[PDB]
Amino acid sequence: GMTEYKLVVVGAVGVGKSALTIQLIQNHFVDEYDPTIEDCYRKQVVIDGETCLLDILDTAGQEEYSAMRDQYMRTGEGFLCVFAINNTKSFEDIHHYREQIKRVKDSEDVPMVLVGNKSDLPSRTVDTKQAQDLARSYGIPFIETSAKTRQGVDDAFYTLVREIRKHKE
């Protein structure tokens, strides 16, 4: 039948996880989404000629490591690790997110995509070369996005699906 891919969007509070997810699903930019609210979304799409269902969790709390929460995150098949290009700390947080994901999945090979969001901004503090190099060190794609303009949004999620497909093959 039609495969369902469980995707989890993670990253520091304020990087644009909710805005990215809502942009993917609803095709508009929500700029004041409650930072504490977690929700999930589904969307049927065709990727490389194969129809599939995306089941996406937009995470709120990024630091609750209960046994329940770990097992919940464990259901995730692919992770979008998002930072904001104007917050260096959010970029330096990525290392911890990847370590946590590897721990939770009990695997050194977890489908992941690094996402540098807010690319529409006229200023940035995270050099694109830094992010490219980090992504290469992890062996994962790097995608620049703007939830505001839609730039890279479909690309980020669909690239993650493609990463899951390769892993499962």
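Residues carry their position along the shown sequence, with the first being 1.
Q: Between 105-113 and 133-141, name whichever shows the higher mean Cα B factor according to the PDB entry.
A: Between 105-113 and 133-141, it is 105-113.
Q: Taking the recorded C-alpha temperature factors, which stretch has the higher mean, 1-9 or 160-168?
A: The recorded data point to 160-168.
Q: What third of the chain, by the recorded C-alpha B-factor, contains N86?
A: Tercile = middle for this residue's CA B-factor.
Q: What third of its chain's C-alpha B-factors does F79 belong to: lowest, middle or highest?
A: Answer is lowest: the recorded C-alpha B-factor places it there.
Q: Per the entry's values, where does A67 land by CA temperature factor relative to the rest of its chain, in the lowest, middle or highest third?
A: Top third by C-alpha B-factor.
Q: What third of its chain's C-alpha B-factors does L53 belong to: lowest, middle or highest?
A: Within its chain, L53 is a lowest-third residue by C-alpha B-factor, going by the deposited values.
Q: Compare the C-alpha B factor of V45 with those of the other modelled residues in its chain, then answer lowest, middle or highest third.
A: It falls in the bottom third of the chain.
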